[PDB]
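Please read the structure below before turning to the comments.
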4 protein chains.
Amino acid sequence: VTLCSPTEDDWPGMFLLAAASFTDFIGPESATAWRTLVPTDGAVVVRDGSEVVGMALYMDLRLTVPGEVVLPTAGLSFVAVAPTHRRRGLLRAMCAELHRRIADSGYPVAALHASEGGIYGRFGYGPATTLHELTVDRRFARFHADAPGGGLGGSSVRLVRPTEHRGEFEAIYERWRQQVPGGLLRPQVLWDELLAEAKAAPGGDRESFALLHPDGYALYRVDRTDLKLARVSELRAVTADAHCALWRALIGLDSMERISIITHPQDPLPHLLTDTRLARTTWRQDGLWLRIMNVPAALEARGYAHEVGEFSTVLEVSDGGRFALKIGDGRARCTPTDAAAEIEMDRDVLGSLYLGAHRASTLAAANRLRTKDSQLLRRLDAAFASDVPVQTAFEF
Amino acid sequence: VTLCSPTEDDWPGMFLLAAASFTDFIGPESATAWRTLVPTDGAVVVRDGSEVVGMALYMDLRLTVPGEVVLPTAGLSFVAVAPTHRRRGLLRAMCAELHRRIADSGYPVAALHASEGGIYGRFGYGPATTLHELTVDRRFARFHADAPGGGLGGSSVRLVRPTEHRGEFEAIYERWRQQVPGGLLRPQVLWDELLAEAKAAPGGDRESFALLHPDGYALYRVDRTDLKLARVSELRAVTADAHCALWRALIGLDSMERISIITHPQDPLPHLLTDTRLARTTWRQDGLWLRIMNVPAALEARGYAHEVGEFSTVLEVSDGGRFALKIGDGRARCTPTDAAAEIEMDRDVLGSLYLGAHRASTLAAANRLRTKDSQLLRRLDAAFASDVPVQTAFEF
Amino acid sequence: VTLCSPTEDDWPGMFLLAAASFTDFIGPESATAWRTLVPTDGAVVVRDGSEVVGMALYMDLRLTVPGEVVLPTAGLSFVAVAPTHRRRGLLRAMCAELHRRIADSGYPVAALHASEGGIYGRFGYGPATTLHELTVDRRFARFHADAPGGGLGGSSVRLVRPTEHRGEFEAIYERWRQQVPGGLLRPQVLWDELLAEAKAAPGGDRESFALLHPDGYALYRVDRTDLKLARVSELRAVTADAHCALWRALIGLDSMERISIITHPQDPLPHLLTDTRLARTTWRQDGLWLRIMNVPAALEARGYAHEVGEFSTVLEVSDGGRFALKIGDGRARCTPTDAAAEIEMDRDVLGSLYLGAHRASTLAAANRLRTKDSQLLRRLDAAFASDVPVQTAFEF
Amino acid sequence: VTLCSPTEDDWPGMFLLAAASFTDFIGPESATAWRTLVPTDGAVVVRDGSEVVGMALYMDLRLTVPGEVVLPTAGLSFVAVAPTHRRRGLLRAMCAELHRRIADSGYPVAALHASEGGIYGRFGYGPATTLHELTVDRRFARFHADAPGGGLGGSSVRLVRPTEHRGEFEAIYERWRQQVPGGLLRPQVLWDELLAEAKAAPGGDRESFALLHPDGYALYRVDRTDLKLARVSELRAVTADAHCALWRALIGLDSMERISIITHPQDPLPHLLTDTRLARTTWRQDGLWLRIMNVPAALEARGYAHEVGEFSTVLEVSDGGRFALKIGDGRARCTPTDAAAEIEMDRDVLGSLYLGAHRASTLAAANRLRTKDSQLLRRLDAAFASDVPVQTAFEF
Ligand SMILES: Nc1nc(SCCCN2CCCCC2)nc2sc3c(c12)CCC3
Ligand SMILES: Nc1nc(SCCCN2CCCCC2)nc2sc3c(c12)CCC3
Ligand SMILES: Nc1nc(SCCCN2CCCCC2)nc2sc3c(c12)CCC3
Ligand SMILES: Nc1nc(SCCCN2CCCCC2)nc2sc3c(c12)CCC3
C-alpha cells in the first residue's frame with residue numbers, strides 16, 4: 001500500500017470503488033464532467049501490490065464568504081476506502097497528502113459535504129452551513145396582507161421546460177452566488193448535468209418543471225411514490241419580490257397536498273403566510289464543512305459586522321498558530337504573536353464560525369472555544385455574524 | 001350572548017367547555033391550582049340566554065426579557081368557544097374585553113401558547129420563542145475531548161426520586177428563570193402539579209426520575225409505547241458544567257436507544273458530541289407568543305446589545321402609535337413623535353423581535369417590517385439580538 | 001466507591017436503581033418474593049461516599065442438565081450500574097466479587113438472562129439455550145392424519161381459570177422440569193407471582209385463560225392492542241399426546257387469526273400440521289447463559305450420548321485448567337493433567353456446549369474451539385448432544 | 001383434458017400459463033436456458049380440446065447427500081394449472097405421470113422448491129433443508145479475538161465486478177457443492193443467467209458486486225428501496241478462513257446499516273462476533289423438498305455417522321415397501337423383508353430425515369414416525385445426522 005497520483009488507467013478501478021462506496025453514484029460517463037473540475041495532482045489513489053483500494057481528490061471551487069468576497073476553495077470529494085482495507089489508516093494517509101498539496105497550492109480553505117458527521121472533525125473540518133427541509137401543507141396556505149406580489153394585474157412568474165431557459169437560470173444563479181455566503185461558481189459542465197437530471201427517467205424520477213421570474217427560479221418535480229408531494233430541488237431568488245412571487249406560484253400547485261424544499265434556517269417563507277406553522281421544519285443537517293488551511297489569510301479575506309466597535313485580541317488555533325487579531329470597520333488584521341492567548345479553539349471550530357452560521361457563544365457553552373473574558377465572546381459573536389444569511393450552493 | 005366576569009357557579013360550565021375543547025385537560029380539582037394565578041376580573045364568559053358557550057382568562061406571570069429584566073405579563077389561556085357557536089364573533093368579543101382589562105391594569109405585555117399558528121396574529125400576538133425537539137441515538141454518542149466533566153474522579157450528578165428533592169429543583173429553576181429570556185416565575189401550586197405528574201399512572205405515563213447536579217436538574221421518563229425512548233420533560237442548567245454533566249448521565253441510560261428533549265435552537269448539546277449529527281432536530285414550533293400592550297413601556301424595559309453604537313430612528317406600529325426610538329449603551333428611550341416613520345410594522349412583528357429570537361432582516365425579507373434604509377435594519381438586528389439565548393419556560 | 005453486602009436499609013436505594021435501570025420492574029412489594037431466593041451474602045452494592053450506584057445478586061436455583069441430573073445453580077440477576085457511574089469498572093468489580101462467593105459456596109455453574117448479547121461473554125458466560133417465537137395463522141391450520149387426539153369421542157383438554165387449578169399446574173411443571181434440560185425448580189413464591197400476572201390489569205394486560213390436560217397445560221391471553229393475536233405465555237407438556245391435545249385446543253380459538261408462542265427450535269408443532277409453513281418462526285434469541293464455575297465437577301455431573309463409543313482427550317479451558325477427559329457409557333471422568341492439549345476453548349464456549357444446544361463443529365468453524373483432529377470434533381459433537389431437546393424454564 | 005409430452009408448438013402456451021402463474025417469471029428467452037436441463041420426456045402438458053391449462057416438468061440435477069455422494073435427482077419445476085381448471089385433479093394426474101417416468105428412468109430421488117408448504121406432502125415430498133435469513137446491524141459488529149483473519153498484514157479478499165471473475169466463482173462453487181449436502185451441480189447456462197442478473201436494471205435491481213477470496217466468494221447488491229440494506233444473494237466458502245475473511249469485508253461496508261443473507265441454521269457467523277445477538281434470525285422456511293423414489297437405493301447411497309455402533313431394524317414406508325435396514329461403519333444395507341416393522345413412516349418423512357436436517361426424535365414426537373423402542377429412535381437420530389451441515393444450493 002503506497003500513495004500515488006492516479007494515471008488514466010486507474011480511473012476504471014476508481015469508478016468500481018465509487019459504485020461500491022456511493023449509493024448515489026451517476027456512472028462513469030457523467031463522472032467525466034466532474035473530472036474537469038479536478039486539477040492535475042488533485043487526486044490520490046492507494047493500490048494493493050493492482051486494484052484501487054483507496055482514493056480521494058479535491059476540485060477547484062470559488063466559495064463566496066461574508067462581504068461578498070470570493071475565495072479559491074479545494075472541494076474534497078470522491079473519498080473512499082475499499083471495505084477490504086478498513087482500520088488500515090488509508091484515510092489518514094490520503095487526507096494528509098491532499099492537505100499537504102492543497103496548502104502548498106495556496107488554497108486558504110478546503111470544503112466538503114459529509115456522509116457522516118463523525119469522520120471529519122479530527123481532520124480540521126467544521127460544519128459551516130445548516131440545511132433545513134420545510135414542508136408546506138399548501139391546501140391551508142394563505143399569504144399575509146403584507147406579502148408582496150398579490151395585486152390585481154400580471155404575474156411575472158412563468159411555468160417552463162428547464163432545458164429551454166438555461167441562460168436565464170445561469171444568469172440568475174451567477175447573480176445569486178456572488179451576493180450570498182455559501183454560494184459556489186457553478187461551471188458549464190454542472191449545468192449540463194443539472195438539466196440531464198431534469199428529464200423524466202424510465203421507472204425513476206419524474207419530469208422537472210421550472211418557475212421563472214426575471215430575478216429568480218425554482219426547479220421542482222412530483223415525488224416518485226408520493227404523488228401528492230412536490231420536491232423543490234433548487235430555488236434561487238435575488239430579490240424579496242422574486243422569492244415571494246415564486247412561492248405564490250408553488251402554493252398554486254393545486255394537484256399537490258405538500259411542497260417540500262431544502263433551504264436555510266433564515267428562509268423567510270414561514271413569515272409570508274398567515275400561519276407560520278404551515279411551513280413545518282421536517283429535517284435539519286450540517287451542509288458544507290470548512291477547513292481553514294491558512295488562518296491569517298482566511299480571517300483577513302472576509303468582511304465583519306460594521307456595528308461592533310474596533311477591538312483587538314490574541315487567538316490560538318490548536319497546532320495551527322497564535323495570532324494578534326484586530327477587527328474594526330468590517331476588516332481584520334491577523335499577525336503572528338507569542339503574546340498570551342485570550343481565546344483558544346481547534347481548527348474545525350474556526351471552520352464552523354467562519355461563514356457566521358454558528359455563534360461563538362454556543363461553541364463556548366460546549367467548551368469547543370475557551371476564553372476567560374465574556375465581553376470578548378459577545379464581540380467575536382457580533383463581528384463574525386453575517387448580514388446576508390448563509391445558504392448551501394450544491395452538493396459535491 | 002353577552003360578555004360577563006364568571007361567578008363561582010359558572011366554573012362547572014367552564015370545566016365542561018374545557019373538557020370538550022382541550023384533549024389535554026387535567027380535570028377540575030387540578031384546574032383549582034391554576035385558578036389561583038387568575039386575578040379578580042382575569043376571566044370573561046359568554047352565556048347563551050344558561051350554559052357557558054365562550055370563555056377566556058389571563059393569569060398574572062413574571063416574564064424575564066433580555067438584560068435579566070422581569071416584566072409583569074398577562075398570560076392568556078383557557079380560551080374556548082362551544083362548537084355550537086363558531087363564526088359568531090365570540091373570540092373577537094372576548095379577546096377585545098381581556099385586552100381592554102390587561103392594558104387598563106398596566107401590563108406592558110401579554111403572552112400565550114398557540115393551539116394553531118393561524119389564529120393569534122390578527123389579535124397582535126407574534127411568535128417570540130422557538131421549540132426544538134432533539135432526539136439523540138445514544139448508542140453511538142461519544143463526548144468530545146474538549147467537553148467538561150469527563151475526568152477520573154467523582155460524578156456530581158445523582159439519580160433521585162423527584163418528590164424528595166423539590167427544594168433543590170425550585171432553587172435551581174429560580175436561578176435559571178431570572179437569568180434567561182423566556183423564563184417564568186413558577187409559583188408553588190405549579191410545582192405541586194409538576195410533582196403529581198412525576199408519579200406513575202395506572203395504564204398512563206411511567207415513573208419520572210431526576211438527575212440532580214448542584215447547578216442543574218433533568219426530569220425524564222420512558223415513553224408509554226416506545227420502551228427504548230426516554231423523554232426529557234425538563235432540563236434546567238445554570239452553568240455549562242451542569243449542562244454537560246447532566247447529558248453524560250442521560251447518554252449513560254444504557255437500556256435506552258434514544259433520548260428526546262424539547263429545547264431551544266442554540267442548545268449546545270450537538271457540539272458536546274464527536275458527531276454533531278447524532279443529535280437530530282426531529283420537530284420545530286413557535287413556543288411563547290407575545291403581544292406588546294404598551295410599545296414605549298416594553299421597548300424601554302429591556303436591554304439591548306452594548307456592541308452596536310448609539311442610533312436614533314422613528315418606529316410606527318400599525319394602529320399602535322409612532323415613536324422616536326433612540327438606542328445606546330444597551331438602553332432605549334422611546335417617546336411620542338409625528339415625524340416621518342423610517343420603520344413600520346404590525347404589533348405582532350414587534351412581539352416576534354422583542355425576545356430577540358427572530359432577526360429583523362428576516363421579517364423585512366417577508367415585508368412584515370418596512371423600511372427604505374438597510375443600515376437601520378442591520379442596527380435593529382444587532383440591538384434587539386439577545387446575548388443569553390431565548391428559551392421557553394413552561395406551557396400555560 | 002467500595003463493594004459491600006447490602007443491609008435492610010440499602011434495598012429502597014436498590015429498588016430506585018432497579019426502577020431506573022429495568023423497564024419491566026414489578027415494584028418493591030413483588031420484589032419481596034424474589035428476595036426469598038437470594039441467600040445471605042448473595043448480593044453486593046456499590047455506595048458513593050450515600051446512594052446505591054451499583055448492585056448485583058445471585059439466587060439459589062436447581063437447573064436440570066442432560067441425563068435428568070439437577071445441579072445447584074447461582075442465577076445472576078438484578079445487575080445494574082447508575083447512569084451517573086458508567087465506564088467506572090463497577091460491573092467488573094461486582095461480577096468478580098459474586099463469582100468469588102459463588103465458587104467458594106460450591107456452585108458448579110452460574111446462569112443468567114442477558115439484556116444484551118455483548119456484555120456477558122468476557123465474564124465466562126456462554127448462551128446455552130435458544131428461544132424461538134412461532135406464530136401460527138390458525139385460520140388455515142389443519143392437523144395431519146398422523147397427529148394424535150383427533151378421534152370421535154371426548155377431549156381430555158379443559159378451559160379453566162388459572163387461579164383455581166394451581167396444584168395441577170405445579171404438579172405438571174414439577175414433572176416437566178425434572179425430565180428436560182433447562183428446567184428450573186419453580187418455588188412457591190414464583191407461582192404466587194405467576195397467578196397474580198394471570199388476572200386482568202386496568203388499562204394493562206387482559207385476563208389469562210388456561211387449557212388443562214392431565215399431562216400438560218397452556219396459559220394464554222389476547223394481546224393488549226392486537227385483538228386477533230393470542231400470546232401463549234407458557235405451554236408445558238409431559239407426553240406427546242398432551243402437546244398435540246393442547247395445540248388442537250389453541251387452533252380451536254376461532255375468534256383469533258394468530259397464536260404466538262416462545263418455545264425451543266425442536267418444538268414439534270410444525271410437523272403436527274399438513275402445512276409446516278403455517279407455523280412461522282418470527283423471532284430467535286439466546287435464552288439462558290451458563291458459566292461453568294468448576295470444569296471437572298460440571299463435566300462429571302451430566303450424562304452423555306450412549307451412542308458414541310468410549311474416547312479420551314485433553315481439554316484446556318483458557319485460565320480455567322487443563323483436564324484429561326475420558327467419556328464412555330454416557331459418563332465422563334475429568335482429572336488434572338499437564339499433558340499436551342488436543343482441544344482448547346474459552347470458558348464461555350464450554351457454557352454454550354454444556355446443555356447440548358450448540359454443536360462443537362459450529363463453534364470450531366468460528367475458531368471459538370481449537371483442535372487439529374476433526375474425528376475428536378465429531379465425537380465431542382455426539383457426546384455433548386442431548387437426546388431430550390433443551391428448553392428455557394422462566395426468565396430471572 | 002388428456003396428458004401429453006409437449007411439442008415445440010406448445011411452449012408459447014406454456015410460457016403464457018407461466019407468466020400468469022409465477023410472479024417471478026423471467027420471460028421466454030431466459031427460459032430457453034433452463035429448457036436445456038429438461039430431458040426428452042421430462043415435461044407433461046394438459047390441453048383443453050387447444051391452449052395449455054396444465055404443465056409440469058423435471059430437470060436432470062446432481063444432488064450431493066451426506067458422505068460427499070452425488071445422486072442423480074429429478075428436479076420438479078414449472079408446475080402450473082390454469083386458474084380456469086382448479087379442483088379438476090390436473091395436478092394429481094400430471095404428478096402421477098412425471099413420478100412414473102422419473103422412477104422408470106432410474107432416479108433414486110426427486111426434489112422441488114415449494115410455493116406453499118401444504119401442497120407437496122401428499123405426493124411424497126418432505127422438506128429436507130431449512131433457509132435462515134440473518135440480518136446483521138453492522139454498525140455495532142465487532143469480530144471476536146478468537147476469529148481468524150484479523151492480523152496486521154494483507155487482506156486476501158478483493159472487491160470485483162462479477163462478470164470479470166466467472167471462472168474463479170465456478171471453480172469455488174464446484175469445490176463447495178461436492179463437499180456439502182444440498183449442493184447442486186450448477187451447469188454453464190445457469191452461470192450465464194446468474195451473471196445477467198448481476199448487471200443493474202433500468203428501474204429494477206442495482207449493480208451486484210463480488211468479494212473474492214482464493215477459497216470463497218460473496219455476491220451482494222444494495223436493496224431497491226432500502227438504500228442502507230445490502231442483500232448477500234450468494235456466499236460460498238470452502239474454508240473457515242474464507243468464510244471469516246468474507247464477513248470482515250461485508251461488515252466493512254460502512255455506507256450500509258444492515259447486511260442480510262439467506263443461509264443455513266448452522267452458519268457460524270453469530271459466533272464470529274463479540275455479540276451473537278447482532279446477527280438476528282429474521283425469517284425461516286423449508287428450502288429443498290425431497291421425494292425418495294426408490295427407498296433401498298437412496299438409503300444405501302448415503303453415508304451415516306461412524307460414531308453410532310452397528311444396529312439392525314425393520315423400516316416400513318406407507319405404500320413404499322418394508323425393509324430390513326442394517327447400519328454400521330457409516331454404510332447401510334437395505335433388503336426386502338416381511339418381518340414385523342419396528343419403525344413406520346410416510347415417504348415424505350423419509351425425505352425430511354434423508355439430508356439429516358430434521359431429527360427423527362422430533363418427527364416421532366409429532367407421530368409422523370411410529371416406533372415402540374426409543375433406543376432405536378436415538379440410533380436413527382445419530383445415524384442419519386450429517387457431520388457437514390446441510391445447505392441449500394439454488395432455487396429451481
Ligand atoms: N464530486 C462529485 N460529486 C458527484 S455527485 C454529489 C453527491 C453529494 N454527496 C457528497 C458526499 C456525501 C453527501 C452527498 N459525483 C461525482 S463523480 C466524480 C466526482 C463527483 C469527482 C470526480 C469524479
Ligand atoms: N392555564 C392552564 N393551563 C393548563 S395546562 C397547559 C397546556 C398547554 N397548552 C396551552 C395551549 C395550547 C398548547 C398547550 N391547565 C389549566 S386548568 C385552568 C387553567 C389552565 C387556567 C385556570 C383553569
Ligand atoms: N431476579 C428477578 N427477576 C425479576 S423479573 C424477570 C425479568 C427477566 N429479565 C431478566 C434480564 C433481562 C431479560 C429479562 N424481578 C425481580 S425483583 C428482584 C429480583 C428479580 C431479585 C431480587 C429482587
Ligand atoms: N426451473 C425454472 N426455474 C426458474 S427460476 C427459479 C424460481 C424458484 N422458485 C421455484 C418454485 C417456488 C419458489 C421459487 N425459471 C424457469 S424458466 C423454465 C424453467 C425454470 C424450467 C424450464 C423453463
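Scheme for the C-alpha cells: letters A, B, ... for chains in order shown; per-chain residue numbers from 1; ligand numbers from 1 in order shown.
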Per residue of chain A within 7 Å of chain B, record the nearest atom pair and its distance in Å to one decimal, counting only C-alpha atoms, with rows in chain order and ascending residue number, as CSV.
residue,atom,partner,partner_atom,distance
A:117,CA,B:275,CA,4.9
A:118,CA,B:275,CA,4.0
A:146,CA,B:368,CA,5.9
A:147,CA,B:367,CA,5.9
A:240,CA,B:365,CA,5.6
A:266,CA,B:362,CA,6.3
A:268,CA,B:366,CA,5.7
A:271,CA,B:366,CA,5.9
A:272,CA,B:366,CA,5.5
A:274,CA,B:118,CA,5.8
A:275,CA,B:118,CA,4.0
A:276,CA,B:117,CA,5.9
A:277,CA,B:117,CA,5.2
A:281,CA,B:284,CA,5.9
A:282,CA,B:283,CA,6.4
A:283,CA,B:282,CA,6.4
A:284,CA,B:281,CA,5.9
A:285,CA,B:277,CA,6.8
A:307,CA,B:308,CA,4.8
A:308,CA,B:307,CA,4.8
A:309,CA,B:307,CA,6.6
A:362,CA,B:268,CA,5.8
A:363,CA,B:271,CA,6.7
A:365,CA,B:240,CA,5.6
A:366,CA,B:272,CA,5.5
A:367,CA,B:147,CA,5.9
A:368,CA,B:146,CA,5.9
A:378,CA,B:387,CA,6.9
A:379,CA,B:307,CA,6.9
A:387,CA,B:378,CA,6.9
Using only C-alpha atoms and all ligand atoms, what are the residues with an atom within 6 Å of ligand 3, set out as an MDAnalysis selection string? chainID C and resid 31 34:35 77:78 113:115 395:396
File of the preceding selection, N, CA and C atoms, as an mmCIF file, in the first residue's frame:
data_model
loop_
_atom_site.group_PDB
_atom_site.id
_atom_site.type_symbol
_atom_site.label_atom_id
_atom_site.label_comp_id
_atom_site.auth_asym_id
_atom_site.auth_seq_id
_atom_site.Cartn_x
_atom_site.Cartn_y
_atom_site.Cartn_z
ATOM 1 N N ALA C 31 -41.003 -7.643 44.412
ATOM 2 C CA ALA C 31 -39.551 -7.926 44.514
ATOM 3 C C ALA C 31 -39.249 -8.615 45.851
ATOM 4 N N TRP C 34 -39.006 -12.481 45.176
ATOM 5 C CA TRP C 34 -37.732 -12.924 44.547
ATOM 6 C C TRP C 34 -36.597 -12.892 45.577
ATOM 7 N N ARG C 35 -36.615 -11.894 46.466
ATOM 8 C CA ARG C 35 -35.672 -11.709 47.603
ATOM 9 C C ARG C 35 -35.514 -13.008 48.402
ATOM 10 N N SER C 77 -28.741 -11.969 38.569
ATOM 11 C CA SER C 77 -29.867 -11.064 38.236
ATOM 12 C C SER C 77 -29.736 -9.773 39.037
ATOM 13 N N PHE C 78 -30.608 -8.807 38.745
ATOM 14 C CA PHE C 78 -30.707 -7.505 39.446
ATOM 15 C C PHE C 78 -29.363 -6.783 39.345
ATOM 16 N N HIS C 113 -29.996 -14.475 32.334
ATOM 17 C CA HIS C 113 -30.703 -13.988 31.127
ATOM 18 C C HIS C 113 -30.123 -12.613 30.781
ATOM 19 N N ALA C 114 -29.701 -12.428 29.526
ATOM 20 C CA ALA C 114 -28.968 -11.239 29.035
ATOM 21 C C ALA C 114 -29.945 -10.124 28.643
ATOM 22 N N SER C 115 -29.578 -8.873 28.909
ATOM 23 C CA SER C 115 -30.275 -7.674 28.386
ATOM 24 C C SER C 115 -29.590 -7.228 27.089
ATOM 25 N N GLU C 395 -37.637 -16.711 32.789
ATOM 26 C CA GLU C 395 -36.680 -15.584 32.917
ATOM 27 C C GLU C 395 -36.533 -15.260 34.406
ATOM 28 N N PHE C 396 -35.293 -15.028 34.835
ATOM 29 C CA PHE C 396 -34.919 -14.469 36.157
ATOM 30 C C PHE C 396 -33.840 -13.401 35.917
#
Which residues are close to residue D:294, i.e. within 8 Å by only C-alpha atoms, leaving aside same-chain residues fewer than 6 positions away? Reply as a ChimeraX atom specification. /D:103,107-109
Take the selection from the previous step and output its residues with N, CA, C and O atoms, as a PDB file, in the first residue's frame.
ATOM      1  N   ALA D 103     -39.281 -42.536 -11.911  1.00  0.00           N
ATOM      2  CA  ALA D 103     -38.999 -43.876 -11.342  1.00  0.00           C
ATOM      3  C   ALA D 103     -38.452 -44.806 -12.436  1.00  0.00           C
ATOM      4  O   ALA D 103     -37.380 -45.392 -12.222  1.00  0.00           O
ATOM      5  N   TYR D 107     -34.075 -42.601 -11.484  1.00  0.00           N
ATOM      6  CA  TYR D 107     -33.765 -41.550 -10.481  1.00  0.00           C
ATOM      7  C   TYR D 107     -34.111 -42.119  -9.109  1.00  0.00           C
ATOM      8  O   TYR D 107     -35.245 -42.529  -8.884  1.00  0.00           O
ATOM      9  N   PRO D 108     -33.151 -42.204  -8.167  1.00  0.00           N
ATOM     10  CA  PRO D 108     -33.450 -42.645  -6.802  1.00  0.00           C
ATOM     11  C   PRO D 108     -34.263 -41.633  -5.975  1.00  0.00           C
ATOM     12  O   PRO D 108     -34.970 -42.054  -5.070  1.00  0.00           O
ATOM     13  N   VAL D 109     -34.123 -40.334  -6.276  1.00  0.00           N
ATOM     14  CA  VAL D 109     -34.834 -39.229  -5.565  1.00  0.00           C
ATOM     15  C   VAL D 109     -35.346 -38.193  -6.574  1.00  0.00           C
ATOM     16  O   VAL D 109     -34.783 -38.093  -7.696  1.00  0.00           O
TER      17      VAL D 109
END
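Take the candidates A:218, A:57, A:131, A:196 and check each one against residue A:169 using only C-alpha atoms; the shortest distance goes to A:218.
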Among stretch 206-315 of chain D, which residues carry a DSSP assignment of alpha helix (DSSP H), reported as a PyMOL selection string? chain D and resi 240-251+269-272+295-301
Name the residues in contact with residue A:354 at a cut-off of 9 Å, using only C-alpha atoms, excluding same-chain residues fewer than 5 positions from it; report them as a VMD selection string. chain A and resid 65 to 66 128 290 292 298 to 299 302 349 384 to 385
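Near residue B:40, within a cut-off of 12 Å and counting only C-alpha atoms, sit the residues residues 5, 6, 7, 8, 35, 36, 37, 38, 42, 43, 44, 57, 58, 59, 60, 101, 102 and 105 of chain B, with same-chain residues fewer than 2 positions away left out.
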Just the selected residues (N, CA and C atoms), exported as a tab-separated table (two decimals), in the first residue's frame, please.
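Contents of again-v4.tsv, as written:
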chain	number	residue	atom	x	y	z
B	5	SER	N	-67.88	38.73	33.60
B	5	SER	CA	-66.95	38.01	34.52
B	5	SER	C	-67.69	36.81	35.08
B	6	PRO	N	-67.09	35.60	35.08
B	6	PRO	CA	-67.73	34.44	35.70
B	6	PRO	C	-67.86	34.58	37.22
B	7	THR	N	-68.95	34.06	37.79
B	7	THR	CA	-69.19	33.86	39.24
B	7	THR	C	-68.85	32.40	39.58
B	8	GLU	N	-68.80	32.05	40.87
B	8	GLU	CA	-68.36	30.70	41.32
B	8	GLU	C	-69.20	29.61	40.64
B	35	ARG	N	-56.24	28.30	38.75
B	35	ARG	CA	-57.24	29.33	39.16
B	35	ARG	C	-56.60	30.35	40.11
B	36	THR	N	-55.69	29.93	40.98
B	36	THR	CA	-55.03	30.82	41.98
B	36	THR	C	-54.25	31.90	41.22
B	37	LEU	N	-53.75	31.61	40.00
B	37	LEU	CA	-52.94	32.55	39.18
B	37	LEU	C	-53.85	33.49	38.37
B	38	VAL	N	-55.16	33.26	38.38
B	38	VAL	CA	-56.14	34.15	37.70
B	38	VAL	C	-56.54	35.25	38.68
B	42	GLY	N	-59.86	38.63	35.80
B	42	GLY	CA	-58.98	38.00	34.80
B	42	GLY	C	-59.74	37.13	33.80
B	43	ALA	N	-61.03	36.85	34.01
B	43	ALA	CA	-61.82	35.89	33.21
B	43	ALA	C	-63.06	36.57	32.62
B	44	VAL	N	-63.42	36.19	31.39
B	44	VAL	CA	-64.74	36.51	30.76
B	44	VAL	C	-65.39	35.20	30.30
B	57	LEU	N	-59.46	33.77	29.84
B	57	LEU	CA	-58.90	34.42	31.04
B	57	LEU	C	-57.42	34.73	30.81
B	58	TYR	N	-56.83	35.53	31.69
B	58	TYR	CA	-55.37	35.72	31.77
B	58	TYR	C	-54.93	35.37	33.19
B	59	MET	N	-53.67	34.96	33.30
B	59	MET	CA	-53.00	34.71	34.59
B	59	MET	C	-51.92	35.77	34.77
B	60	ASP	N	-51.62	36.08	36.04
B	60	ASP	CA	-50.52	37.00	36.42
B	60	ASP	C	-49.20	36.24	36.37
B	101	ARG	N	-58.92	45.16	29.63
B	101	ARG	CA	-58.63	44.95	31.07
B	101	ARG	C	-57.14	44.80	31.35
B	102	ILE	N	-56.43	44.10	30.46
B	102	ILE	CA	-54.97	43.85	30.59
B	102	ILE	C	-54.24	45.19	30.49
B	105	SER	N	-54.96	47.60	33.43
B	105	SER	CA	-54.31	47.09	34.67
B	105	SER	C	-52.82	47.45	34.69
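The space between atom 22 (C, counted along the ligand's line) of ligand 1 and atom CA of residue A:94 spans 15.7 Å.
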Which is closest to ligand 1 among D:338, D:204, D:135, D:255, if we use only C-alpha atoms and all ligand atoms? D:255
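Residues in contact with residue A:53 at up to 10 Å, not including ones fewer than 3 positions away on its chain and judged by only C-alpha atoms, are residues 1, 13, 14, 16, 17, 45, 46, 47, 48, 50, 80, 81, 82, 83, 84, 85, 86 and 90 of chain A; 158 and 159 of chain D.
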May I have the residues from that selection written out with C-alpha atoms, as an mmCIF file, in the first residue's frame?
data_model
loop_
_atom_site.group_PDB
_atom_site.id
_atom_site.type_symbol
_atom_site.label_atom_id
_atom_site.label_comp_id
_atom_site.auth_asym_id
_atom_site.auth_seq_id
_atom_site.Cartn_x
_atom_site.Cartn_y
_atom_site.Cartn_z
ATOM 1 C CA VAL A 1 0.000 0.000 0.000
ATOM 2 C CA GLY A 13 -10.725 0.952 -10.755
ATOM 3 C CA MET A 14 -11.700 4.250 -9.034
ATOM 4 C CA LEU A 16 -15.558 0.454 -9.378
ATOM 5 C CA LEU A 17 -14.671 1.583 -5.798
ATOM 6 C CA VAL A 45 -5.115 6.536 -5.091
ATOM 7 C CA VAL A 46 -3.861 3.676 -2.837
ATOM 8 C CA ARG A 47 -3.133 0.483 -4.901
ATOM 9 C CA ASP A 48 -2.687 -3.004 -3.281
ATOM 10 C CA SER A 50 -3.075 -3.973 -8.550
ATOM 11 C CA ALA A 80 -13.420 6.044 -0.384
ATOM 12 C CA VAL A 81 -11.551 3.095 1.212
ATOM 13 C CA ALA A 82 -12.382 -0.471 -0.003
ATOM 14 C CA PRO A 83 -14.449 -2.482 2.552
ATOM 15 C CA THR A 84 -11.481 -4.976 2.415
ATOM 16 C CA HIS A 85 -8.977 -2.301 3.797
ATOM 17 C CA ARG A 86 -10.842 -0.663 6.783
ATOM 18 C CA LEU A 90 -5.613 4.743 4.449
ATOM 19 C CA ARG D 158 -10.817 -8.381 -3.316
ATOM 20 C CA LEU D 159 -13.842 -6.241 -4.417
#
Selection near residue C:63, 10 Å with only C-alpha atoms, sequence-local residues under 5 positions removed, as a PyMOL selection string: chain C and resi 68-75+109-111+177-178+180-185+393
Residue list (strand (DSSP E), DSSP) for stretch 17-239 of chain D, as JSON, numbers by chain: {"D": [43, 44, 45, 46, 47, 52, 53, 54, 55, 56, 57, 58, 59, 60, 61, 62, 63, 64, 65, 69, 70, 71, 72, 73, 74, 75, 76, 77, 78, 79, 80, 81, 109, 110, 111, 112, 113, 126, 127, 130, 131, 132, 133, 134, 135, 136, 137, 158, 159, 160, 209, 210, 211, 212, 213, 216, 217, 218, 219, 220, 221, 222, 229, 230, 231, 232, 233, 234, 235, 236, 237]}
